[PDB]
Amino acid sequence: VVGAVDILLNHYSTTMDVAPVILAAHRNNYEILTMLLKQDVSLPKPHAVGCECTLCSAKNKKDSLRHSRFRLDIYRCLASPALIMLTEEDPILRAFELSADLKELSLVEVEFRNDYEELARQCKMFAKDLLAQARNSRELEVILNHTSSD
Amino acid sequence: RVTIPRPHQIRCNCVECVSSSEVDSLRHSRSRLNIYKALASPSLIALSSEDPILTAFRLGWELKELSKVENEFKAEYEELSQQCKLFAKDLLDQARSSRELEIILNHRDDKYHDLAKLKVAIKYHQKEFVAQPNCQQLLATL
Amino acid sequence: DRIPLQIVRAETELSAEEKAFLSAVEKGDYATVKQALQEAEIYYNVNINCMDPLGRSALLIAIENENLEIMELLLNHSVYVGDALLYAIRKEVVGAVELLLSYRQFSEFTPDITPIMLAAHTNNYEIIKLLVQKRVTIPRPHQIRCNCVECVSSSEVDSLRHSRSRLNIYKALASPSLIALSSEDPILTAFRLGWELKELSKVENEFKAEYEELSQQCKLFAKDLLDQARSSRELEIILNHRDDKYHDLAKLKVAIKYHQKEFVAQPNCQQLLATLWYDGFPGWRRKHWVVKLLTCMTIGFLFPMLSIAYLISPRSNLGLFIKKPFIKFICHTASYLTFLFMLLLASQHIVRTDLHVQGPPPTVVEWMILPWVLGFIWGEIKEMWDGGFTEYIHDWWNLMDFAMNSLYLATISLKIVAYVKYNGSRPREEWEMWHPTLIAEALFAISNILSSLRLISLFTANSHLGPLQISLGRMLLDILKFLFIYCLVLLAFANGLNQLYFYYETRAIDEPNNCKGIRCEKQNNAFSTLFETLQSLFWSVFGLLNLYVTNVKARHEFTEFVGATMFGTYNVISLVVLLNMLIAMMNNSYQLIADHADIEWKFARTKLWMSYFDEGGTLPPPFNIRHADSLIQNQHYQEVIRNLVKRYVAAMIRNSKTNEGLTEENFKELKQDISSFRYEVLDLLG
Amino acid sequence: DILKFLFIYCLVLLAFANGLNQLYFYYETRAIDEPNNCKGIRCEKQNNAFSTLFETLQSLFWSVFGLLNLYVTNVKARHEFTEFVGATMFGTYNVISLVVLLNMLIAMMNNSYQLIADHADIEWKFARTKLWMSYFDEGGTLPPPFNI
Amino acid sequence: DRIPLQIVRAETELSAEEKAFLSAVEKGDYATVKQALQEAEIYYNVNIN
Amino acid sequence: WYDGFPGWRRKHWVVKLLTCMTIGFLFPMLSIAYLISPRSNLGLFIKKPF
Ligand SMILES: CC(C)CCC[C@@H](C)[C@H]1CC[C@H]2[C@@H]3CC=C4C[C@@H](OC(=O)CCC(=O)O)CC[C@]4(C)[C@H]3CC[C@]12C
Ligand SMILES: [Ca+2]
């Protein structure tokens, strides 16, 4: 609604402190995300499938399904073009790296492969689109000859 | 108060009522399909059936059998059957916790903890249900 | 440099005043339009009949926006209304009927389009009815090939115009709605028109797709009307109606004549037919598969009994039993199978006679087969007589039947020419190449193949085998086309190879084991003669021709290499290229046919079933020796048709409303409605 | 589907088998007469290929693979007409079987594989579950030690 | 020549008043519909149905 | 293309076949007439494209 989101702020459920952002990102709404991210937010980091401490073992014991859905939701958020644009210094590199991760996860989480793969393709497309916006060749050079390493 | 006539069992000649087919079989056939087309509505099964999943499983099978017996109108019965099958998968997909998934897949109409419903699904060749990602995940753990 | 851009084909521009008038008509501002209309009558400053760049005048803008009010305003004043009726009909805006009511040059419509034609082309039952209510007529399309018409013969004036005019007329006559509103028997009209349109498609190579589409439109219309039947009483009245005995599924027969496959394969039609086919076998469908199997077997085994019964006491219950269609099928198929079994027995020493006696007497098995053969032929006779040469010729299989029967006839004759003229006995080896007996044996063998292959016909009956047979039949046509191309390739290389090697032909005596040809242990003289070259190239396709056959004794290396090259290129062109291409062609076809396989199958089965529904049937070997009524029938038919049309028309309208997206024009209308309302309110409140 | 196609092929085989046997059975020869006392399509020099229906059926089957030589279509007495009809029948069989039917099978199988591919995973997983379930049970020990 | 076109299976036709009544319903003019009904109750000139 | 054979489209396939055959057979005749006297009716016939 945007207007409504504004009003509410003015005054499933995989979480609640960050669920607004997680949903917005899924809603891929730049405006709403801009509003929400105004207040500092910190999505939890999806621990890798490898962990075995209660960190994950306990959860994977209480509710494996929820845990899995939770992680997918975090990634579905992190892989939102809007969020990458707003929060990442180098949007392209993030898309490259995240696409790689979302693929690995497809292999690991065989159950939700299609989901994790769609997200990967989404990231790949985003980067292509951002390149498509180049207009002169000076820009192309800056982009294709830049490194994130000192 | 509303009621949908119960369609006679497949091949129920004993009932002379089925012997009405002699008169206006066309009507007989259409009327039957209409009844099944209704009993196979996801929403009706949801509102009326006590166990929506099991009802769908069973109805989807009967409809398949009818598809064979009623050579004509086969496609219709087959479509209605798929509607039922997908409905069951869709309800399963709406599960959010493992506790739920286990309660559903291990329920015995009437031991428990024997994945009774999953077994019924395999019996009724409910492939989509048995292949649902979350269901496959549980099985793997086992 | 910089290419300048100017308007090369200019046209008068609209005065600002005129431009405003048209703008108002588009926004729905009745007041301004009204004012301008009144002012113009005084100061003559705006050409009420002005036209936008796209050629749209005020009335046309109003019509498109469907503002009937502004339309009347314009019409009240003297606005040119040329072709306006046509634009309204196209937009399908009933209400613009005011155009019809009111009474007193760029057109998007060709000059031949009359109001009724366009209405038909749009298929709006309501608009068409309105027009039909007033005296309207559509020109009659001269029959195909009507050069005698002279007028049509006078197509030289404008072939394009003539062709278009014709398509337009047919595109109108082929409207489901007009057929429904104006035809006494809508179903037959669609059947006949569908046929004509198909034929026209062939004659008019160009415009073929259009004519074909129209034909399908007609074929669907008929199927759809049938689908609206709600009781078996109706289906009967419809399927048994005779245009003018009845109760003969007369209309179903006409449908087959006109190849209305969809109509025939309609579920209910099939259901009625099944009842008739499986008479005397209540619930043959629900019976267990094995149960049915046994019952079928039993019936078949008693075929001689049943046949005889009917031959003797037709009235007897047994005599009556054979008359049932499914039974005839069982009995008639059993008879054949036994005939084929007898054939097998003919070649198994059963009554094998000396292989050294020329002109042998007919063996016992042979005697037994005779009756069947004569019968088959007699049956075909009845087929041709009843159906007519054209009809009999139509069925491809009957051709097969013809060949098989002729071969058998020839075998019999040769047996006679041998029984007589060859009473002696000689070692088979001594027998000449054309000894009547040898030729007869060959012909019988050839027929034995055709007879057995005929069994494929029975596949149509099965729900599993039938569908496949149809698909195969379609793909076979493609193979035929390919064969033509291959034959040219084969001949091309055949000529070349014969042209290269005919110089090195050798005598059989010179050859080893006095064998000359490709069918010897040591293949030789493969390309020496054209006939052998053709054979050799054929067998090479299957890898049965060795490579050493491309060498010459004298060992002329150059010639040999050229010869091998030709053979090699032939192999590549045929096997690697042409063949793999046939596969591609067959594949494409398959997918295509696959979708309409059922309707192609059921149509066939119906024809088969309909064949037995006849009065006279008997297995091949055991052949041995008031106007008031019509009026009533027509009344009932018309009543049913009235109901079926009403149901159909309604259904179509529903489908359109629920399965048609909102187009841009709709947006524009909605916008105008809001705008017009706004202006009105603002004026009243202002 | 392949099975259905096979039925048609069989019918064709039977037909040509009956025909061929019908023409060459007049010219059957003894094994002793045959070189190396070998009679059949499986001898160094194929012989009496169409002499008997059983042999004719075998010969036609192997022809599908090109393992049947063409010299088998000639009779020793050398009756030209018969041999030609025989070769022509054999040839027509080859065309109908290899060029036509065989190729058609390819088309049919391509059509189905396409469809099956649409629902491959669900099918596989349903199957896999059934397998996994079988072991999920408790009555299970390997076959060698299965019996006490 | 020309093929005359007529309505073969004819059906009763709506009077002008009746046509207007139904037309109002398609435009949603409650007032006119209401009036037509009331008048029909009095002058019995339109078959509401 | 079909000038000289108006209605060729309407012509029965057999009829067509017949016409084509005759012309082809007489090809030498038509070929010569043209050479001798293009103006000759026969000379005119070969000029038609079909
Ligand atoms: C495969 C080899 C052994 C050749 C076998 C030759 C015959 C014994 C087969 C070949 C085709 C068969 C026929 C194929 C078609 C049918 C239709 C079938 O009917 C149905 O499938 C549906 C029920 C109905 O006919 O109404 C009855 C058996 C029959 C005659 C089959 C009888 C057995 C036939 C003659
Ligand atoms: Ca016949």
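Refer to the structure printed above.
These lines cover the structure that appears in this document, whether it is placed above or below.

The rules behind the values
- Residues numbered from 1 in each chain as written, not as in the entry; some residues may be left out.
- Chains lettered and ligands numbered in written order.
- Part of a larger assembly, values for the part shown.
- Heavy atoms only, no water.
- Residues with missing side-chain atoms left out of burial classes, pairs and counts.
- Helix = DSSP H or I, 4+ residues; strand = E, 2+ residues; numbered from the N terminus.
- Expected span 1.5 Å × (residues − 1).
- Buried < 20%, exposed > 50% of the residue type's maximum accessible area, 1.4 Å probe, protein only.
- Contact = heavy atoms within 4.5 Å.
- Buried area = accessible area lost by both parts, 1.4 Å probe.
- Salt bridge = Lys/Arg side-chain N within 4 Å of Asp/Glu carboxyl O.
- Polar contact = N/O pair within 3.5 Å; in protein donor to acceptor, adjacent residues only side chain to side chain.
- Patch = residues over 30% accessible without salt bridge, like charges linked within 9 Å, V, L, I, M, F, W, Y side chains within 5 Å.
- Areas by Shrake-Rupley, 256 points an atom, 1.4 Å probe, with all protein chains shown as cover.
- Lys, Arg positive; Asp, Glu negative; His and termini not counted.
- Charge placed at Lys NZ, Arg CZ, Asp CG, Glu CD.
- Donors = N, O, S within 2.8 Å, 3.2 Å for Na, K, Ca; no water.
- Tetrahedral: all angles 85-135°; square planar, octahedral: opposite > 155°, others 65-115°.
- Disulfide = S-S within 2.5 Å.
- 1 Å grid on protein atoms, 1.4 Å probe; cavity = no way out; pocket = protein on both sides within 12 Å on 5 of 7 lines; lining within 4 Å.
- Points joined across faces, edges and corners; volume = space filled by probe spheres on them.
- Nonpolar A, V, L, I, M, F, W, Y, C, P; charged D, E, K, R; others polar.
- Near = heavy atom within 4 Å.

1. Notes on helix 26 (residues 530-541) of chain C
Okay, so step 1: For helix 26 of chain C, with twelve residues, the first-to-last C-alpha span of 17 Å sits near the 16 Å given by 1.5 Å per residue.
Okay, so step 2: Among all positions in helix 26 of chain C, only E532(C), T533(C), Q535(C), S536(C), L537(C), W539(C) and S540(C) are buried.
Okay, so step 3: In this structure, the buried residues of helix 26 of chain C make contact with helix 25 (465-501) and helix 27 (557-595) of chain C together with helix 3 (80-118) of chain D.
Okay, so step 4: Just downstream of helix 26 of chain C, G543(C) is the residue with a positive phi angle, here 75 degrees.

2. Some words on the interface of chain B and chain D
Okay, so step 1: Counting from both sides, the interface comprises 14 residues of chain B and, opposite them, ten residues of chain D.
Okay, so step 2: Buried area between chain B and chain D, summed over both chains or domains, comes out near 1,100 Å², and the portion from carbon and sulfur atoms is 80%.
Okay, so step 3: The largest share of the area that chain B buries against chain D comes from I122(B), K127(B) and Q136(B), three residues that together contribute 48% of it.
Okay, so step 4: Summed over the shared surface of chain B and chain D, the result is one salt bridge.
Okay, so step 5: The partner of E123(D) in a salt bridge is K127(B), and the shortest N-O contact between them spans 2.5 Å.
Okay, so step 6: Inspection of the region where chain B meets chain D yields one residue pair in polar contact.

3. What to know about a positive patch on the surface
All names here are of chain A.
Okay, so step 1: Side chains of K59, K61, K62 and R66 sit close together on the surface and give a patch of like positive charge.
Okay, so step 2: The element best represented in the positive patch is helix 4 (residues 59-62), accounting for three residues.
Okay, so step 3: When you line up the elements, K61 lands in helix 4.
Okay, so step 4: Take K61: its relative accessible area is 65%, and that puts it in the exposed class.

4. Topic: the coordination of the calcium ion (ligand 2)
Tetrahedral coordination by four donors puts the ideal angle at the metal at 109.5 degrees, and octahedral coordination by six puts it at 90 or 180 degrees.
Residue and element names in this part refer to chain C.
Okay, so step 1: Donor atoms from the polypeptide that coordinate the calcium ion (ligand 2) comprise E380 (OE), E380 (OE), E383 (OE), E383 (OE), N398 (OD1) and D401 (OD), at 2.0 to 3.0 Å from the metal.
Okay, so step 2: For the calcium ion (ligand 2), the six donor atoms are set out with angles of 47 to 168 degrees between them, so the coordination reads as irregular.
Okay, so step 3: Motif for the calcium ion (ligand 2), donor spacing along one chain: E-x2-E-x14-N-x2-D. Here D401 lies in helix 23 (residues 396-419) and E380 lies in helix 21 (residues 364-387), a separation of 21 residues in the sequence.

5. Examining unusual backbone geometry
Residues and elements named next belong to chain B.
Okay, so step 1: Of note, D24 is a non-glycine position whose phi angle comes to about 50 degrees, a positive value.
Okay, so step 2: Relative to the helices and strands, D24 resides in the segment before helix 1 (25-39).
Okay, so step 3: Positive phi, normally seen in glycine, also occurs at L115, with a value near 50 degrees.
Okay, so step 4: Within the secondary structure, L115 sits in the loop between helix 5 (98-105) and helix 6 (116-123).

6. Quick notes on the state of the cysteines
Okay, so step 1: Using the criterion set out here, one finds two disulfides over all chains in the structure.
Okay, so step 2: What pairs with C515(C) in a disulfide is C520(C), and their sulfur atoms sit 2.0 Å apart. On the sign convention where negative is left-handed, the bridge of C515(C) and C520(C), at about -85 degrees about the S-S bond, is left-handed.
Okay, so step 3: Relative accessible area serves as the criterion here: at 9%, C515(C) is assigned to the buried category.
Okay, so step 4: When its relative accessible area of 5% is taken as the criterion, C520(C) is described as buried.
Okay, so step 5: Disulfide partner of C38(D): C43(D), at an S-S distance of 2.0 Å. The sign of the -75 degrees torsion about the S-S bond sets the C38(D)-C43(D) disulfide as left-handed.
Okay, so step 6: Taking the relative accessible area as the measure of exposure, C43(D) reaches 12% and is therefore buried.
Okay, so step 7: The thiol of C56(A) is not disulfide-bonded; the next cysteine sulfur, from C51(A), is found 3.6 Å away.
Okay, so step 8: Free of any disulfide, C151(C) has its nearest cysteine sulfur in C146(C), 8.7 Å distant.

7. A few points about the interface of chain D and chain C
Okay, so step 1: Each partner contributes to the interface: chain D provides 49 residues, whereas chain C provides 53 residues.
Okay, so step 2: Both sides together, the interface formed by chain D and chain C hides about 4,600 Å², and carbon and sulfur atoms give 76% of it.
Okay, so step 3: The largest contributions to the chain D side of the interface with chain C come from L70(D), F81(D) and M104(D), which together make up 14% of the buried area.
Okay, so step 4: Counting every contact that joins chain D to chain C gives one salt bridge.
Okay, so step 5: For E83(D), the salt bridge is made with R519(C), and the minimal N-O distance between the two is 3.6 Å.
Okay, so step 6: Here chain D and chain C share five residue pairs in polar contact between them.

8. Quick look at the arrangement of the chains
Okay, so step 1: Considering every one of the six pairs of chains in contact, the largest contact total is recorded for chains C and D.
Okay, so step 2: A minimum C-alpha distance of 26 Å separates chain B and chain E, which share no contact.
Okay, so step 3: In this structure chain E stays clear of chain F, and the shortest span between their C-alpha atoms is 22 Å.

9. Describing empty space enclosed by the protein
All names here are of chain C.
Okay, so step 1: Within this model, the largest cavity holds a volume of roughly 90 Å³.
Okay, so step 2: Of all the secondary-structure elements, those providing two or more residues to the lining of the largest cavity are helix 5 (84-91) and helix 8 (125-133).
Okay, so step 3: Class assignment of the residues belonging to the lining of the largest cavity gives a composition of eleven nonpolar, one polar and no charged.

10. Brief notes about the site of ligand 1
All names here are of chain C.
Okay, so step 1: Every residue close to ligand 1 is listed here: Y278, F326, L337, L458, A461 and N462.
Okay, so step 2: Between ligand 1 and the protein, one listed contact pairs an oxygen atom with a side-chain N or O atom of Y278 at 2.5 Å.
Okay, so step 3: Within the contact set of ligand 1, an oxygen atom lies 2.9 Å away from a side-chain nitrogen or oxygen of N462.
Okay, so step 4: Summarising the interface, the protein chains cover 58% of the accessible area of ligand 1, which totals 740 Å² for the free molecule.
Okay, so step 5: Taken together, the residues of the shell around ligand 1 break down into five nonpolar, one polar and no charged.

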